[PDB]
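Colleague: just dropping in an experimental structure and the matching sequence.
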Amino acid sequence: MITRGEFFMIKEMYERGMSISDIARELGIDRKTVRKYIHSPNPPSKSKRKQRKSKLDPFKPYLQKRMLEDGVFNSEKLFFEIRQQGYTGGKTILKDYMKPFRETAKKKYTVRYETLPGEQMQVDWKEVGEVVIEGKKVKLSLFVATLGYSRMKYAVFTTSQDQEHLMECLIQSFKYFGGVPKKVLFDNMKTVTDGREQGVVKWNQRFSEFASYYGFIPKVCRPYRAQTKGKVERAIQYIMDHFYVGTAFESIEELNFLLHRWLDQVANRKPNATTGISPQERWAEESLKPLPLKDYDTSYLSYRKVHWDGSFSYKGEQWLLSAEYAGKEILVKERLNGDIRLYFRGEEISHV
Amino acid sequence: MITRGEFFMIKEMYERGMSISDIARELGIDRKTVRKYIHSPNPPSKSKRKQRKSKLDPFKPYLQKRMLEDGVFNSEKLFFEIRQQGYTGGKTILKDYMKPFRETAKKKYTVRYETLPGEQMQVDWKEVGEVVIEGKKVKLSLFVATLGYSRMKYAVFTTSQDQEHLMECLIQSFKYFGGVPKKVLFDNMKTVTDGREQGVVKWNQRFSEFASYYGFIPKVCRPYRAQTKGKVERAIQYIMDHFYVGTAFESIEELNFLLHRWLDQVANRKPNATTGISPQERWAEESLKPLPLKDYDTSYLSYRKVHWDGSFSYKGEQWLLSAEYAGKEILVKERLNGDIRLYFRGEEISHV
Amino acid sequence: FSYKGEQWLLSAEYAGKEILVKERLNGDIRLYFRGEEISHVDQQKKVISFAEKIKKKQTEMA
Ligand SMILES: [Mg+2]
Ligand SMILES: [Mg+2]
């Protein structure tokens, strides 16, 4: 088992012409050993041995059954049990054998990553809570979109977290940043996925079409791990401890106006604590893909029938449609702003 | 403002007979100052000055209103607001003024106390959960009583946390320890208190009578602070991670038998990690007050009426009472073990 | 904290921090924290349980 260096030295000194016996004398090795190593391929310094029997082998299946069906992980309890069965050794071997079965405590070290310019964006929601806006109880939610390289922040308040609202907020973010990223990171929302099909993710077909339309590649971090999108979560903490702490409002339009003004004043103006530069300069450094001229229409699409007289009803509303549109089927495109339009076989109805 | 030592030296050297001028020369003080201090009561080394005006005085009421009604504690937001009002200074003064109003983050240091022998005991409950025992869903609870000086542990399982069950478990603990403590520490349970009447505690009248009967003085730690009774909580963790982890059972009597055997085997036998001695030896060192001969009767007491024929019904049960006990009022003493006894004006009924 | 099977009680400032114990071959323990020197722990030949140390600190603070 002469080590790498010893074998190299033996072979080299032997090939140099030095006599073998005095080589052995110099290296303090037996002459037979040195001569055998002369005609050897490479330094031998490794011995392979397979596993061997231990004391806790007969009890091992029983302990495994205890762990995997009774959920017992108390080394003292298992030791006391098996001691009656016949075991006589200490607990160290038991702990060493049982350690792999124990759950892996979550780490505390946190890797840091710096995405390339115009290469990544992050999105998330924040359930603000229930408020009485204009005498109406609604569930307010905050949508936050954080750029990855410039740390920009766009935000907007909404009353619902429907796929339509998500897509519209993404449109607003893309317009705000003057382009679309090459990658957009969400969490595992059903408006973007439909579960992990054996490790792989199954994208919602409509959302996949939307992404292919705007060209941005979706990504999802992982189940029950929000660290991977720390930028946007920390931006949420920033906004909810700086803007929505004492600000008072009565209309969501007013709140959104105040939020945009606040962002453009301080949030996207104050230099970041890590990049140490105003986010707008980095934004100017960003290179996002151009937006399409026509935005992906995100509006509720329903089919309704006009009554005999010509009175058409949608939600708690009523219209008066010409007699030619009575008893037929029409399309009611409801934009998220409340602009309802009526269509009949492509044509647009001048609804009264 | 000559300090204590300087004044002492001046007075002493002057009274010794040393000339005053060379005293002043030696101590590097003016002759007038030294002479004035000669006839002085005590060393003058303190100057008292009252508060003075600052820059954030006019804004202080507004900031206080913001904090106390809008809940804003973001120094950046308040600074940005008041800067428009006219403030021109830095944020350090703002943070210093606003610090007292901020909530006091909980400490992490933990005082350690060692009660005197036979002087303190602690009690607590542990809601194990819901189990199907004998095809019946019951809410299992664990009652734990930990001695303070010997760290003994008594425990018992129960289906309810009623004042009657609490008192009976206390009786069992006192019998187990061979005596009653001089102090018993609970948490703020309504079976022992009725709320903090302006800081002071109002003891439940029945429980107060029970305590006065057994002579042990009750105590309650504080609202929302379980550290003060760490012994019993840690004993609960011990029992729920050592005994009730994999043990299987079908009857609560079996579970209690196993629990008592386990306690007397290991729990009250293994030396403690801090006292470093077997709890039973310290128990032998304990000096508890003697138990009363007759235990405080903890049994449901209800008054019922016997039907015309003589059929008396309690819960889903039926009896057959002699005709002389028909149409009258009787007492149904239900012991917690299920021993129902019938009483009629002190006499006991030989119910069939 | 702990040292060679004996548990010592420090003050509030030292809780949650790494101290350095230096023990001469003579047999005396000296606790150095953050370069400075902290109060001696009056090491005794007879081992005293953590409970007795808690009681002693309690009486001292009393
Ligand atoms: Mg989310
Ligand atoms: Mg409790």
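Modeller: Good, I have the coordinates. Numbering: from 1, shown residues only, chains lettered A, B, ... in the order given. Ligands and ions are numbered 1, 2, ... in the order given.
Colleague: contacts for the host helix or strand of residue A:63?
Modeller: Here residue A:63 sits within helix A:60-65, counting by DSSP states H and E. Contacts to helix A:60-65, defined as C-beta atoms under 8 Å, 6 or more residues apart in numbering or on different chains, come from residues A:56, A:78, A:82, A:85, A:94, A:97, A:98, A:101. C-beta: built from backbone N, CA, C; applies to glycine.
Colleague: and for stretch A:294-314?
Modeller: A:164-165, A:167-168, A:171, A:210, A:213-214, A:318-323, A:325-336, A:340, A:342, A:351.
Colleague: which parts of that stretch are buried?
Modeller: For stretch A:294-314, the buried set under the neighbour-count rule, 16 or more other C-beta atoms under 10 Å in any protein chain shown, comprises A:298, A:306, A:310, A:312.
Colleague: burial of residue A:189, as a residue count?
Modeller: 16 (other C-beta atoms under 10 Å in any protein chain shown).
Colleague: so which helix or strand takes in it?
Modeller: Using DSSP H and E, no helix or strand contains residue A:189.
Colleague: can you tell me how far it is from residue A:286?
Modeller: The gap separating residue A:189 from residue A:286 is 26 Å, by C-beta to C-beta, to the nearest Å.
Colleague: same thing with residue A:57?
Modeller: 62 Å.
Colleague: neighbour count winner among the two?
Modeller: Higher neighbour count among residue A:57 and residue A:286: residue A:286, with 20 against 10, using other C-beta under 10 Å.
Colleague: and the gap between the nearest residue to the more buried one once chain neighbours are set aside and residue A:152?
Modeller: Excluding its sequence neighbours, the residue lying closest to residue A:286 (C-beta to C-beta, 6 or more residues apart in numbering or on different chains) is residue A:118, at 4.7 Å. Between residue A:118 and residue A:152 the computed distance is 11 Å (C-beta to C-beta).
Colleague: find residues that contact each of those two.
Modeller: residue A:286.
Colleague: and the contacts of helix A:60-65, which are buried?
Modeller: A:56, A:78, A:82, A:94, A:97, A:98.
Colleague: quick check on the closest residue to the last one other than its chain neighbours: phi, psi?
Modeller: In this case it means residue A:98. Of all residues beyond its chain neighbours, the one nearest residue A:98 is residue A:75 (6.5 Å), with distances taken as C-beta to C-beta, 6+ apart. Main-chain dihedrals, residue A:75, degrees, to the nearest 10: phi -60, psi -40.
Colleague: tally up the residues packed near whatever residue of chain A ends up closest to chain C, please.
Modeller: Closest to chain C within chain A is residue A:108: 15.4 Å, counting by C-beta to the nearest C-beta. By the criterion of other C-beta under 10 Å, residue A:108 has 5 neighbours.
Colleague: for residue C:10, same thing?
Modeller: Counted with other C-beta under 10 Å, residue C:10 comes out at 16.
Colleague: so what's the residue lying closest to it once chain neighbours are set aside up against?
Modeller: Once flanking residues are discounted, residue C:10 sits nearest to residue C:1: 6.7 Å by C-beta to C-beta, 6+ apart. Residue C:1 makes contact with C:7, C:8, C:10, C:19, according to C-beta under 8 Å, 6+ apart.
Colleague: which ones are touching the closest residue to residue A:229 other than its chain neighbours?
Modeller: Leaving out its chain neighbours, the residue that sits closest to residue A:229 by C-beta to C-beta, 6+ apart is residue A:122, at 4.8 Å. Contact analysis of residue A:122 by C-beta under 8 Å, 6+ apart lists A:145, A:146, A:148, A:184, A:185, A:229, A:231, A:232.
Colleague: residue A:102 now?
Modeller: Taking C-beta under 8 Å, 6+ apart as the definition, contacts of residue A:102 comprise residue A:73.
Colleague: same deal with residue A:253?
Modeller: Contacts of residue A:253 by C-beta under 8 Å, 6+ apart: none found.
Colleague: what's the answer for the one 5 residues further on, then?
Modeller: Residues in contact with residue A:258 (C-beta under 8 Å, 6+ apart) are A:243, A:247, A:249.
Colleague: nearest to residue B:196, of those residues?
Modeller: For those, the minimum distance to residue B:196 (C-beta to C-beta) is 36.1 Å, reached by residue A:247.
Colleague: which strand or helix spans that closest one?
Modeller: Using DSSP H and E, no helix or strand contains residue A:247.
Colleague: for residue 38, which non-adjacent residue is spatially closest?
Modeller: Defaulting to chain A. Nearest to residue A:38 is residue A:14, by C-beta to C-beta, 6+ apart, at 5.5 Å.
Colleague: let's do chain C instead
Modeller: residue C:31 (4.9 Å).
Colleague: and the one you found, what is it in contact with?
Modeller: Per C-beta under 8 Å, 6+ apart, neighbours of residue C:31: C:8, C:10, C:19, C:20, C:21, C:22, C:37, C:38, C:39, C:40, C:41.
Colleague: ok, how many other residues are close to residue 27?
Modeller: If you meant another chain, say so; for now it's chain A. If we define neighbours as other C-beta under 10 Å, then residue A:27 has 14 of them.
Colleague: should've been chain C
Modeller: Residue C:27, neighbours per other C-beta under 10 Å, totals 8.
Colleague: same check on the one 5 residues further on?
Modeller: Applying the criterion other C-beta under 10 Å, we find 12 residues in the vicinity of residue C:32.
Colleague: which stretch of helix or strand covers it?
Modeller: Residue-wise, residue C:32 maps onto strand C:29-33 under DSSP H and E.
Colleague: please apply the same query to residue A:144.
Modeller: Going by DSSP H and E, residue A:144 is in strand A:136-147.
Colleague: three-state assignment of the closest residue to chain A within chain C?
Modeller: Per C-beta to the nearest C-beta, residue C:16 is where chain C lies closest to chain A, at 15.4 Å. Per DSSP: H, G, I helix; E, B strand; the rest coil, the secondary structure class of residue C:16 is coil.
Colleague: I figured it hits residue B:108, correct?
Modeller: Yes. The pair residue C:16 / residue B:108 is scored as a contact, 6.6 Å apart, by C-beta atoms under 8 Å.
Colleague: quick one: the helices in the stretch 101-250 of chain A?
Modeller: In the stretch 101-250 of chain A, the helices defined using DSSP state H, counting those that start in this stretch lie at A:163-176, A:205-214, A:230-242.
Colleague: elements contacting the second one?
Modeller: Identification of packing neighbours for helix A:205-214 by 3 or more C-beta pairs under 8 Å, 6 or more residues apart in numbering or on different chains; DSSP states H and E yields helix A:163-176, strand A:217-220.
Colleague: tell me the angle of that helix relative to helix A:163-176?
Modeller: 10 degrees (axes from the mean of the first three to the mean of the last three C-alpha atoms, to 10 degrees).
Colleague: state the phi and psi torsions of the residue in chain C that ligand 1 sits nearest to.
Modeller: In chain C, the residue that lies nearest ligand 1 is residue C:16 (33.7 Å; C-beta to the ion). Main-chain torsions, residue C:16, degrees, to the nearest 10: phi 80, psi 20.
Colleague: from the contacts of stretch A:294-314, which land in helices?
Modeller: A:164, A:165, A:167, A:168, A:171, A:210, A:213, A:214 (DSSP state H).
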